[PDB]
């Protein structure tokens, strides 16, 4: 846990980041994207909540 | 980012595509009928 | 100005813009608005006195711009925050109550309140 | 139903997250009876 | 004839660069800020949890 | 011959009058929209599809009218 | 060479750059140009999630997105004052409308059998007008066939043609009595207002297409 | 803008329907899921 | 001939009838929006009734149009 | 003969004008139906059959006009 | 030929009639706007974009009349 | 030709009819202004810009009509 | 002769344009009376507005009228 506290301080890409690095560290990303396209429901909840819903209507 | 995620368009978009093929043939004949003049 | 009054409390006894839900849809009153009497429906109310804006959940009442520009608002009780999760739970129970049951009308009113809650 | 009864029910529902003081709760929760009378004869005290 | 039309297009791009390009800049900025603050907030949020 | 071409172009002109109705119709739908939103500002998202539907349908009668104009004009 | 073919090639190359070289950094903050096509993505995602309302809501989100974008790009490119209108070949836009109408009819038949025509039975009514309410529903079903295409066609065609006739007139207005060419800016401004309006009705139509053929799909996916 | 009556309808239309099928596949499999990836990636950081 | 001219002219005059349908439709949809904004909740009953009112309004214009095609083509 | 025949067709086109008023008429009845039903929430069971009568009558004027249009057109 | 050229000039005038509907239409949207804004005050942030949309659609129907007018008048 | 010159003078008259629509339209915006401002006298400062916009747009449809009239008159 | 006849007919057609302006004037005034009856006291702000509204309504009629005079009188 000491190491972990230090690790959040010494590892944190707080600015911009490539989505490829996120896919690489979490294939959970690619799994969900593939499942959402496969489901044919491309709704992302939390992107309308803790991100703007960016609606016009 | 740019990655192929399969879509089964041959059973999702099958009636649209069938309509497209029929009209493709029909517009060939329509074009031929109009090219008389 | 504005009298905003409850029996045991007074919320805001020169208020510039007030936005109100009344039996007339929603009405906004801005400075001089010609004198009206409208019964206030149970409401979510915004009161702006200057640019400062205060957000209220109000149990309806009656609204009256007076000719002397005293906006007499009388309502039974209210802040928005005070009304506000457990309330959502309770209303689900109350929704169940509507199925059986003045009590019939009461449970219907509770559903109206549930709509009012949903507005939040 | 009567307008002030309508508002009353709304007010009572409205005192529900709960946080409310006793006095709020009291204005929205009181027990009583109404004993109707006649021109004499009294229809019994029925809980108001 | 059509040079009048090309003049109209030049006027159109002129109106865009005055009004729309700063507005759209402001729109983009606003969103960028909102995203960034959420992003850094979540990063912070978990640093708190480590200590907990 | 001159009569036929004249009549064609005249007939086109006459049909064009029909377009006016749809133009008023669209406006009426928007007047209703404005009133609906102001009386309940949360009605809007449901109303937005219904408004567009009414616009389209109103417009359509004019576009049919316009086909008669185009059949004469281009044809 | 085919002028139409060349401008379809230009449209394709624009769209490829719009989703490659729009945020080639692949920022999680997103490049400024790509913020537009995110907001557009969400207001059509949440619109066709509402309308279509089926499990195939997101399955028909790419089609409705390229129906937005096709009309959005082809009503920018066709608005360039030295660019050849794809839309002046009306036959592609109208053909696309008939194709989609037929692909709705086939989808409806597939989804709702030979009792698809129960869509055109709307409600119980007195018996002498039960068939009537089938007739003036089916008429509207293939009035739906041509209305959608001809709306878009009329706006775009009329805009370009209107501008060109008025431009030629104000050109020869300037050629006559040269003192009117001095302070000949006010008719230019009238044409400018029309050009602004033609961009507006071109962007309005790409969304209007995509809501109306979402309503037609609402009927097709679930009966009524 | 000025236009006649083509007879080249099928020539035109061949290139027209080709552009639709191209964009449909291209969007659907490639470029739209790249947006859904942006949303989901942002949401996964938000959750984590 | 005069008869050929007459059918083209007659077709023009008949087309005007579509105008009535365009106004009619808008009045139905306007009332739909007004009702739904008034109630927040009438809509389930009202939306079918509105589609009926629309169909009938449109139909009158279509009768005019059908006369137009009978003249114009015929 | 030619003039008479022309006059039949022209007279028919002119006759088709009368129809628009009945079309707008039907909409006016239906607007009132929606509006009425919004006032009561509950008049509708009486009012819906009443409304069908109103519809039929407003429509009927159009049919009389249409009959004459056909008498001129076909006849 | 004098007949056909005269027909162009007549037909133009007939087409011009269609414009009236759009003209009334614009006003209907703005009248609604003014009344609605007076009710709410602050509804205007939502409603003003809707008003611009409504204007554009009513106007567009008007433009169809105008282009037919110019097709007959000018060519 | 007498016929062509005549056609310009007839056709001019026909064009003039369209302008009536704009006349009604302008009035409709003004009617709303008076009623609106009566309902809320302080909304006026926001609303008066909107009102002038509505006047101008309604008028524009009128301008196009009047232009077509002048083209026949003075062409 | 035909040109002179055409002037007189053409002039008549233009006269139809006037009807709309007439209706317009009334609509502003109807609102004046309604507004006045509604506030009792809007009158001093509204009075210059009302004159303006009258003028514009009349004005569309005036443009029609000038065209009419040009055809009639020459």
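All chains are identified by letter, namely A, B, C, D, E, F, G, H, I, J, K, L and M, in their written order; residue positions are counted from 1 within each chain.
Just so we're on the same page, a residue touches a chain if its C-beta (ideal position, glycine included) is under 8 Å from a C-beta of that chain, and two chains touch if they have at least 3 such contacts.
By chain, UniProt protein names: C = ATP synthase subunit delta, mitochondrial; D = ATP synthase subunit epsilon, mitochondrial; F, I, J, K, L, M = ATP synthase subunit 9, mitochondrial; G = ATP synthase subunit a; H = ATP synthase protein 8.
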item: Least step count from subunit E to subunit L, where 1 means the two chains touch; value: 3
item: Copies subunit K and subunit L - rotation angle from C-alpha fit, nearest 5 degrees; value: 35
item: Intercentroid distance (Cα basis), subunit L paired with subunit A, Å; value: 57
item: Subunit B and subunit G (ATP synthase subunit a): spacing of chain centres that average the CA atoms, whole Å; value: 18
item: Touching two or more other chains - residues of subunit L; value: 3, 6-7, 10-14, 17-22, 24-28, 31-33, 35, 37-41, 43, 62, 69
item: Contacts with two or more other chains, residues of subunit G (ATP synthase subunit a) listed in rising order; value: 20, 26, 28-30, 38, 41, 56, 59, 61-63, 91, 95, 143, 154, 161, 164
item: Residue numbers of subunit H (ATP synthase protein 8) (touch at least two other chains); value: 5-6, 8-9, 11, 13, 20, 24, 28, 30-34, 37-38, 41-42, 45-46
item: Contacting residues of subunit B [partner subunit G (ATP synthase subunit a), same complex]; value: 1-2, 7, 12-13, 15-20, 22-23, 27
item: Interfacial residue positions of subunit C with respect to subunit F in the complex; value: 24-26, 119
item: Residues of subunit M touching subunit L in the complex; value: 1-3, 5-7, 9-14, 16-28, 30-32, 34-36, 38-39, 42, 45-46, 49-50, 52-53, 56-57, 60-61, 63-64, 67-68, 70-71
item: Parts of subunit L lying in touch with subunit C, wherever the complex brings them together; value: 38-43
item: Subunit I residues touching subunit G (ATP synthase subunit a) - in the complex, by the definition given at the top; value: 48, 51-52, 55-56, 58-59, 62
